[PDB]
């Protein structure tokens, strides 16, 4: 838990940036459904866009715990801006962890330093959500190339990513041993963009359909050996869950902060409503659940940094509890503001809308409860 002085200075800069730059922009980002371009460009200049890019490739190579602390601070003021960092890191992790030395040099170097290029991870399909093994995208080797046919949906930053990691069957009969992962570059012929689908929340973020129409990628773009794609995806999922837990902790904290401030300022029955025993009770339950969620998430993030095998269990616990907490706390934070909490100008209704996604993405809370229960019952 002893943060290095590099971790402490980074997070002091992140808190200052979240407060002064990200927060004043959050309402317009949601209202107008804007990509957070200003934040992306600033994060690139500050070294915050690619936190987990290794130093070998010009990156800052902070730990998982540092990123989790950063996501909590950004989630407090703008869930969409936190999602940018989550998507960017998740799009890069399959290459960092399974790519050959040649593949990592060829595709990670372009993200060095202050690069503003974007990544994406393309696994989910209309036929394959929780049942990832039902994905229908196919990769057929033909000489020195793979031919990719299929489609993907719900791909964060899909249509704007310079590098997409695409999961596809190379042997459709081997199931979990028949999937592969491929680097796909923006501009590849046969890569076609669909709708940017309109969402309840996280509106400051791009949500892409992708289509592959005889898309030829060079045979060197496979990440690892044929048939290893599913394990590669599963290894990144443990990390993605912690990032979604940390974002949900931030959302919950940000909504609590606004509710706490309102109880101190809002006067009914002759004194601030913070003097009312039931308001005090709601705030107590909210904060207790936020802090519990924060402790779980920070523990899981440290286990990941330590390469500990128990990170899967505690990451799944943190993801479930943090996101359920964000949903419950934001729902009650709107309640604490009364009618004003239902008004768009006051922010908490957006945080409630943002919070619902964290119970679904990186695996629904039903899927994660199964990951947690199976790890406990079949250790």
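Residue numbers count along the first chain shown, from 1.
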Going by the average Cα B-factor in the PDB entry, point out whether 40-48 or 321-329 comes out higher. 40-48
Mean CA B-factor: is it higher for 77-85 or for 192-200? 192-200
Which of 212, 243, 154, 281 ranks first by CA B-factor in the deposited coordinates: 212
C-alpha B-factor winner, where the candidates are 302, 285, 220, 291: 220
Ranking the modelled residues of this chain by C-alpha B-factor as given in the entry, is residue 351 in the lowest, middle or highest third? lowest
Pull the Cα B-factor of residue 257 out of the PDB entry and bin it into the chain's lowest, middle or highest third. lowest
What third of the chain does residue 10 rank in for C-alpha temperature factor, lowest, middle or highest? highest
How does the C-alpha B factor of residue 66 compare with the rest of the chain: lowest, middle or highest third? middle
Considering every modelled residue of the chain and its Cα B-factor in the PDB entry, is residue 208 in the lowest, middle or highest third? middle
